[PDB]
């Protein structure tokens, strides 16, 4: 997250860190047994880390649980990142409490102009690299689909939306991948892609979760 703020420990209790020896992606807890992340975060050997603030220090509220199954969306296209969503089932159910809590799925999409909360442990610099160890947060509005398509001609589908600031300075970034965009209490986005970070006229692109709620619910119920 570039241009954000330190969230505060466990103030985003649905935020998970996916660990394969190191943090490599965010995700969102949607019930005691299931995490949603980006399909471009897919790999084997995932451990889900809940209740994290400093990902390098055991602070006392963590739960570390291995994934039993990963399900990349059937229509994911790695060339374009269309349908960039994946479900991860935990080997054992998380113990839900005030620092480890699910986020509600949308019953409808969000509109342009809605303010959202984006969070993660990704890069905090727009030029260069600096990775924080505590969770960073950013308030950012959903941008119009027309401004999104003008920023990235040819590349935006109905399964994507832009959020952030066309002036630059405030954005998600590498390492935030797979993490949440929450608006009015609902998980509306997943950190997906973009050109650089916090550059002018290059906002972040996010998987449009509301298009996937039926698939999420039916997949969880059948697995």
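Numbering follows the first chain given and starts at 1. If you superpose the two forms and keep the largest set of C-alpha atoms that fall within 1.5 Å, you have the rigid core.
On a core superposition, give the stretch, 110-118 or 129-137, with the larger average C-alpha separation from this form in 9 other deposited structures of this protein (RMS over structures and residues). Of the two stretches, the larger average C-alpha offset in 9 other deposited structures of this protein falls on 129-137.
Between the two ranges 59-67 and 176-184, the one averaging a larger CA B factor in the entry: The deposited B-factors put 59-67 ahead on the C-alpha mean.
Mean C-alpha B-factor comparison - 50-58 and 152-160, higher one: Higher mean C-alpha B-factor in the PDB entry: 152-160.
Looking at 207, 15, 20, 199, which one carries the largest C-alpha B-factor according to the PDB entry? Of the candidates given, the C-alpha B-factor peaks at 199.
How does residue 97 rank on Cα B-factor within its chain, lowest, middle or highest third? Answer is highest: the recorded C-alpha B-factor places it there.
Test of reading the entry: by CA B factor among the chain's modelled residues, which third contains residue 91? Within its chain, residue 91 is a highest-third residue by C-alpha B-factor, going by the deposited values.
Sorting the chain's modelled residues by C-alpha B-factor, tell me whether residue 73 ends up in the lowest, middle or highest third. Its C-alpha B-factor, which the entry lists for residue 73, ranks in the lowest third among residues of this chain.
C-alpha B factor of residue 113, ranked within the chain: lowest, middle or highest third? Highest third, going by the recorded CA B-factors of the chain.
Within-chain third of residue 104 by Cα B-factor, per the entry: Residue 104: CA B-factor falls in the middle third of its chain.
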